[PDB]
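First, one chain by itself: the form deposited without ligand ES5, in structure tokens.
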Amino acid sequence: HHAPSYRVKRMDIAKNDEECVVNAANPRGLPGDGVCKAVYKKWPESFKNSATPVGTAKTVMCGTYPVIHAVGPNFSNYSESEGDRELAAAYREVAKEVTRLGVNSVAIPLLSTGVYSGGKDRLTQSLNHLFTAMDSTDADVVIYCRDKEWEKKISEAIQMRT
């Protein structure tokens, strides 16, 4: 009867200690930048046939370790309305993959907050969708960020729900 938890860590997600990782992927399975680039530096072979549409997730196993490539929308290309739907869908596929894989924990970045943000602060939007999808899962979720003010805000958002 372990208590499923949410935690935040301010560090490179490629160094995670969880049972699987969510990559903030692009649709074509390219090395990309930011989080995707850091994931490519550690598990480049996880990009073998990882291309998948926006709003979906595709898991590639690296030995026993799952890399869940979750493709959020680029808000430079998507409208606020359609991008919101796609961002929800990506996270819903993450929850389904995490459940299917039977993992006890998962490392997850905030989708669509880096170069896909359209130059808007999307912390609250992305985190809200992350919770909406992951709340009904029982895996321990560890959210990764790099910015210290973002760490504070994510931590505050987690603490205030209980």
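When you see a residue number, it is the position in the sequence shown, counting from 1.
Legend: mean Cα B-factor per stretch from the PDB entry, 145-153 versus 18-26; the higher mean is in 145-153. For the pair 51-59 and 114-122, the record assigns the higher mean C-alpha temperature factor to 114-122.
Out of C36, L127, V98, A107, it is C36 whose C-alpha atom has the highest B-factor in the PDB entry.
Among the modelled residues of its chain, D135 has a C-alpha B-factor that falls in the lowest third, as given in the PDB entry.
In the PDB entry, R7 places in the lowest third of its chain by CA B-factor.
Missing here is the form deposited with ligand ES5 bound; even so, the following discussion is about that form.
When contacts are judged by a 4.5 Å heavy atom cut-off, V106 does not count as touching ligand ES5 in the deposited bound form. Of the heavy atoms in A139, none are within 4.5 Å of ligand ES5 in the deposited bound form. Proximity of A57 to ligand ES5 in the deposited bound form falls outside the 4.5 Å heavy atom cutoff. When ligand ES5 is considered in the deposited bound form, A38 lines it closely, a heavy atom lying within 4.5 Å.
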